[PDB]
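Student:
Number of protein chains: 2
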Amino acid sequence: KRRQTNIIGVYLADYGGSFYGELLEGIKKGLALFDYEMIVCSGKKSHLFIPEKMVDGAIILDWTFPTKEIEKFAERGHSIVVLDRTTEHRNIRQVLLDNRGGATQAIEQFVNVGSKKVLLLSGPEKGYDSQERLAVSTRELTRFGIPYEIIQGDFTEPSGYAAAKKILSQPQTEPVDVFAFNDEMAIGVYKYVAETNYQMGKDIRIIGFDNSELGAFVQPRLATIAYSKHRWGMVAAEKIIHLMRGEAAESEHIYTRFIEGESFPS
Amino acid sequence: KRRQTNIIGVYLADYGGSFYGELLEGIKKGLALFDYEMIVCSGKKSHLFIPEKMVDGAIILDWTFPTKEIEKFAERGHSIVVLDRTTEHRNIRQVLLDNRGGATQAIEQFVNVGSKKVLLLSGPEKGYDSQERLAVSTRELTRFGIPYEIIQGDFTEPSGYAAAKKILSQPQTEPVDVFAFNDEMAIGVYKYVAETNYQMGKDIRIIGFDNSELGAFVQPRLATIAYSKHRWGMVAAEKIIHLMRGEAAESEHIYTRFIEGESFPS
Numbered sequence: 055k056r057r058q059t060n061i062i063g064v065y066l067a068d069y070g071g072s073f074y075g076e077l078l079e080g081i082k083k084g085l086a087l088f089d090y091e092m093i094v095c096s097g098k099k100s101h102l103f104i105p106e107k108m109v110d111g112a113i114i115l116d117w118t119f120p121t122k123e124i125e126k127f128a129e130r131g132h133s134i135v136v137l138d139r140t141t142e143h144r145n146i147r148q149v150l151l152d153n154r155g156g157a158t159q160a161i162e163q164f165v166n167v168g169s170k171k172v173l174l175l176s177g178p179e180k181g182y183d184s185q186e187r188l189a190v191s192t193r194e195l196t197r198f199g200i201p202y203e204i205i206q207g208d209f210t211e212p213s214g215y216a217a218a219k220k221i222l223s224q225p226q227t228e229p230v231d232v233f234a235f236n237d238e239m240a241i242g243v244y245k246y247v248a249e250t251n252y253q254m255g256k257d258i259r260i261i262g263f264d265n266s267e268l269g270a271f272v273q274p275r276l277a278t279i280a281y282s283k284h285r286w287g288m289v290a291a292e293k294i295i296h297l298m299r300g301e302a303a304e305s306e307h308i309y310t311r312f313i314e315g316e317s318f319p320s
Numbered sequence: 055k056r057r058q059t060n061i062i063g064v065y066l067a068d069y070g071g072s073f074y075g076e077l078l079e080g081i082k083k084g085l086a087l088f089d090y091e092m093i094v095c096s097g098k099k100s101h102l103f104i105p106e107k108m109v110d111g112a113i114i115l116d117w118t119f120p121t122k123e124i125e126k127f128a129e130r131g132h133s134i135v136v137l138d139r140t141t142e143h144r145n146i147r148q149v150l151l152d153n154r155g156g157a158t159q160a161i162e163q164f165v166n167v168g169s170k171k172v173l174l175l176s177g178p179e180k181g182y183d184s185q186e187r188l189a190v191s192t193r194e195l196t197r198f199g200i201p202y203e204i205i206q207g208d209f210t211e212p213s214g215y216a217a218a219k220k221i222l223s224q225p226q227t228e229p230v231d232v233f234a235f236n237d238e239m240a241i242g243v244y245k246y247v248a249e250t251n252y253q254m255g256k257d258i259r260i261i262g263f264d265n266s267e268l269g270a271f272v273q274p275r276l277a278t279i280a281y282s283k284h285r286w287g288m289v290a291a292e293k294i295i296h297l298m299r300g301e302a303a304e305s306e307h308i309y310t311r312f313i314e315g316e317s318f319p320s
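Listed in order, the protein sequences are those of chains A and A'. A prime marks a further copy of an entry chain.
For the first sequence, counting from 1, position 46 maps to 100 in the authors' numbering; every step adds exactly one.
For the second sequence, counting from 1, position 233 maps to 287 in the authors' numbering; every step adds exactly one.
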């Protein structure tokens with residue numbers, strides 16, 4: 055009520071730096087049209103100090119930012135767009151990835167190639183994006199009679215590295231088939247395989263998610279699920295303006311496509 | 055005096071995401087040993103709201119964060135490590151890149167190949183790192199009788215793109231020789247050259263700075279100036295602890311090396 059700073063706080067988790075740059079650019083461009091600016095905050099304790107007397111509204115992409123804290127910030131008059139979870143609270147809207155369509159498109163490729171086992175390298179289990187990706191992956195693998203193992207990660211590259219070390223210790227099937235829930239965990243897998251006799255694409259077949267630009271230039275090209283990161287940010291920016299101006303700001307999804315790569319010969 | 059939150063505020067500019075991840079990991083690891091944690095803030099207006107009642111000290115890598123604001127935060131009892139400028143104020147220390155040695159090593163390669171003109175794609179002119187890099191580059195080019203043009207950028211990839219469009223409009227020398235002051239501006243040059251008949255390494259020869267991992271996988275490999283980003287962060291973290299504990303925390307430099315790449319056949 056008493057303040058309009060024309061600043062949106064953007065709360066990131068700092069795994070997703072493989073898509074953050076182009077997401078942030080889209081947020082920036084969308085906000086500039088309405089003379090708004092953005093500050094970006096990241097860290098485990100970043101939700102403890104929200105400058106609520108200095109920020110008009112928030113765009114949240116951080117699974118460690120607790121939902122109860124989001125609701126409390128919404129009830130004090132601040133508008134919020136979540137990019138990482140679903141909500142029913144007033145003053146909050148959603149701009150989410152189509153995780154169900156993305157995971158279906160990736161897991162379809164393992165089916166179409168006749169996979170004998172699929173290893174599901176997931177992110178945080180309390181995180182919505184991984185939950186949706188898991189619910190659809192496991193359902194389709196069951197449907198087609200394909201066994202799976204779920205390996206816990208945290209969306210960061212170190213967890214993908216540790217996963218690959220855990221995977222390639224135990225005896226696996228002839229090719230090792232991996233669905234990494236993001237490109238960063240997949241790059242972590244590349245890192246460890248570079249320290250082994252294993253050949254990427256041949257001995258270990260991988261599909262990621264996010265379409266990081268590093269994945270496009272790595273050897274061989276990381277097969278992945280792509281979406282427009284610029285538009286994700288643009289739509290989030292327009293949604294936060296419309297929402298705080300009392301207007302119609304319906305929750306939306308960002309749709310995906312599979313991009314083929316020699317890391318998964320299909 | 056009245057608070058110890060065990061949190062360090064890290065103020066970044068959000069160009070340098072090509073080195074931020076490994077810099078931040080080094081900060082994190084160095085701080086965890088002393089049971090400290092970090093929050094990261096970025097944006098043009100991020101210095102206007104410093105949670106001074108919620109953060110013990112600051113690590114600054116942001117040229118838009120004004121020096122006068124840094125001094126004011128230092129005089130209120132907070133300890134600061136700068137990674138982007140020099141200081142003489144008490145409560146502030148420096149952990150800086152060896153810009154003079156880095157620019158000397160890059161510009162030596164243009165000399166050794168017998169360059170006819172060197173195009174100097176700089177960052178922000180008020181930014182210390184670019185100033186030092188420019189002062190050493192221009193001095194050595196003059197010394198060896200090599201002409202130069204200084205082209206203004208801002209350390210971000212869009213400015214490298216715009217620079218390449220400006221460069222390749224005007225008639226230049228037989229190979230176009232470019233010293234990009236960071237890898238991101240160099241990647242911007244790659245982007246535009248991919249939309250032209252020009253061949254990277256042959257028609258346009260480039261050396262960057264930072265040793266981004268994208269530069270290692272791009273075609274051809276971006277010749278660059280490398281330093282340990284992990285250690286830059288580690289030393290900054292140990293310096294902020296020592297400084298706020300009243301101890302001896304001398305200002306230091308992070309030293310560099312040239313890494314050869316087929317973008318500059320030498």
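Virtual Cβ for every residue (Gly too), placed ideally from N, Cα, C.
1. Under the DSSP definition of a beta bridge, which residues are partnered with A':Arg-259?
2. Is it buried or exposed, A':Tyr-309, if we count other Cβ atoms within 10 angstroms and call 16 or more buried?
3. Is the beta carbon of A':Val-165 closer than 8 angstroms to that of A':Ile-200?
4. Measure from the alpha carbon of A':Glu-162 to the alpha carbon of each residue in A':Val-247, A':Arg-139, A':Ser-176 and A':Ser-191, then state which is nearest.
5. Anyone know if the C-beta pair for A':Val-230 and A':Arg-197 falls short of 8 angstroms?
6. To the nearest angstrom, how far is it from the Cα of A:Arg-139 to the Cα of A:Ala-189?
7. Within 10 angstroms of its Cβ, does residue 49 of chain A' collect 16 or more other Cβ (buried), or is it exposed?
8. Give the list of continuous alpha helix (DSSP H) stretches no shorter than 4 residues that lie fully inside the segment 98-176 of chain A.
9. Whole angstroms are fine: how far does the CA of A':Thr-210 sit from the CA of A':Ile-221?
10. Run through the segment 257-294 of chain A' for me and flag every whole beta strand (DSSP E) of 3 or more residues, listed as ranges in chain order.
11. What does the Cβ neighbour count give for A:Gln-253, buried or exposed, with the cut at 16 atoms within 10 Å?
12. Output the boundary residues of the beta strand (DSSP E) element that contains A':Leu-78.
13. What would DSSP say about residue 349 of chain A, mapped onto helix, strand or coil?
14. Whose Cβ in chain A lies nearer than 9 angstroms to the Cβ of A':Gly-75?
15. With a 10 Å radius around its C-beta and 16 neighbouring C-beta atoms as the bar for buried, classify A':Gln-273 as buried or exposed.
16. If you pair each beta-carbon of the segment 61-73 of chain A' with each one of the segment 283-298 of chain A, do three or more pairs fall below 8 angstroms?
17. Give a yes or no on whether the minimum CB-CB distance between A:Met-288 and chain A' is below 8 angstroms.
18. How about A:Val-247 and A:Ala-234: do their beta carbons lie closer than 8 angstroms?
19. Closer than 8 angstroms by C-beta to A:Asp-110: which residues in its own chain qualify, once you throw out the five before and the five after it? Chain order, please.
20. What residues from the segment 154-183 of chain A come within 9 angstroms of chain A', judged by C-beta to C-beta, listed N to C?
21. Kindly identify the DSSP beta-bridge partner or partners of A':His-307.
22. Report the neighbours of A':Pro-105 on chain A: residues whose CB is nearer than 8 angstroms to its CB, in chain order.
23. Would you mind reading off the limits of the alpha helix (DSSP H) that contains A:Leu-188?
24. Secondary structure at A':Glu-179, three-state DSSP: helix, strand or coil?
25. Does A':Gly-63 come out as helix, strand or coil in the three-state DSSP assignment?
26. Around the C-beta of A:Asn-153, are 16 or more other C-beta atoms found within 10 angstroms, so that it is buried, or is it exposed?
27. The ligand GTP and A':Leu-102: does any heavy atom of the ligand fall closer than 7 angstroms to the residue's C-beta?
28. Would you say A:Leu-115 lies against chain A' (beta-carbon separation less than 8 angstroms)?
29. Look at the Cβ atom of A':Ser-317, then the Cβ atom of A':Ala-277, and state whether they are nearer than 8 angstroms.
30. So is A':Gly-131 in contact with chain A if we call contact Cβ pairs under 8 angstroms?
31. What residues in the segment 241-271 of chain A' have a beta carbon less than 7 angstroms from any beta carbon of chain A?
32. May I ask you to report which of helix, strand or coil DSSP gives A':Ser-96?
33. Residues of the segment 81-95 of chain A' in Cβ contact with chain A at a cutoff of 9 angstroms, in chain order, please.
34. So, for A':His-143: in the same chain, excluding its five sequence neighbours on each side, which residues have a beta-carbon less than 7 angstroms away from its beta-carbon?
35. Would you give the residue range spanned by the beta strand (DSSP E) that A:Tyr-202 belongs to?
36. So which residues of chain A does A':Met-108 contact, with C-beta pairs closer than 8 angstroms?
Tutor: Quick answer:
1. DSSP lists A':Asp-231 as the bridge partner or partners of A':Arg-259.
2. Under a 10 Å Cβ-count criterion, A':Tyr-309 is classified as exposed, with fewer than 16 other Cβ atoms of the shown protein chains found around its own Cβ.
3. In this structure, A':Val-165 lies closer than 8 angstroms to A':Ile-200 by Cβ.
4. Residue A':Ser-191 is the option with its Cα nearest to A':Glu-162.
5. Going by C-beta atoms, A':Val-230 is not nearer than 8 angstroms to A':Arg-197.
6. Here the alpha carbon of A:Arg-139 sits roughly 15 angstroms from the alpha carbon of A:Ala-189.
7. Coverage of chain A' is limited to positions 55 through 320, which leaves residue 49 of chain A' absent and any answer about it impossible.
8. Qualifying alpha helix (DSSP H) stretches, in chain order: 121-129 and 153-166.
9. Taking the straight line from one Cα to the other gives about 17 angstroms.
10. Runs found: 258-261 and 278-280.
11. Per the 10 Å Cβ criterion, exposed.
12. Here A':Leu-78 belongs to no beta strand (DSSP E); instead the alpha helix (DSSP H) covers 74-86.
13. Nothing about residue 349 of chain A can be read from this structure; chain A reaches only from 55 to 320.
14. The contacting residues are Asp-68, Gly-71 and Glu-211.
15. Exposed, because fewer than 16 other Cβ atoms sit within 10 Å of the Cβ of A':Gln-273.
16. The segment 61-73 of chain A', when compared against the segment 283-298 of chain A, does not touch it at the 8 angstroms Cβ threshold.
17. With a threshold of 8 angstroms between beta carbons, A:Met-288 makes no contact with chain A'.
18. Cβ atoms of A:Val-247 and A:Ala-234: not closer than 8 angstroms.
19. Same-chain partners within the cutoff: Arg-57, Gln-58, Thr-59, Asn-60, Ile-61, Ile-62, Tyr-90, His-132, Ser-133 and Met-298.
20. Residues passing the 9 angstroms Cβ filter: none.
21. Note: A':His-307 sits in a beta bridge opposite A':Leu-150.
22. By Cβ distance, chain A contributes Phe-103 and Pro-105.
23. Per DSSP, A:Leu-188 belongs to the alpha helix (DSSP H) from 182-197.
24. Looking at A':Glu-179 - three-state DSSP - the assignment turns out to be coil, as it is neither helix nor strand.
25. Per DSSP, reduced to three states, the secondary structure at A':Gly-63 is strand.
26. Classification for A:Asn-153: buried.
27. Here there are no bound small molecules, and the ligand GTP is not part of this structure.
28. No, its Cβ sits nowhere closer than 8 angstroms to a Cβ of chain A'.
29. In contact: A':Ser-317 and A':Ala-277 (Cβ atoms closer than 8 angstroms).
30. For A':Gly-131, not one C-beta of chain A is nearer than 8 angstroms to its own C-beta.
31. Listed in sequence order: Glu-267, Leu-268 and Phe-271.
32. Looking at A':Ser-96 - three-state DSSP - the assignment turns out to be strand.
33. Within the segment 81-95 of chain A', the residues whose Cβ lies closer than 9 angstroms to some Cβ of chain A are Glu-91, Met-92, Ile-93, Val-94 and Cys-95, listed in chain order.
34. Excluding positions up to five away in sequence, the list reads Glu-125 and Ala-128.
35. Here the beta strand (DSSP E) through A:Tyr-202 covers 202-206.
36. Neighbourhood of A':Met-108 in chain A, by CB distance below 8 angstroms: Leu-102 and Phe-103, in chain order.
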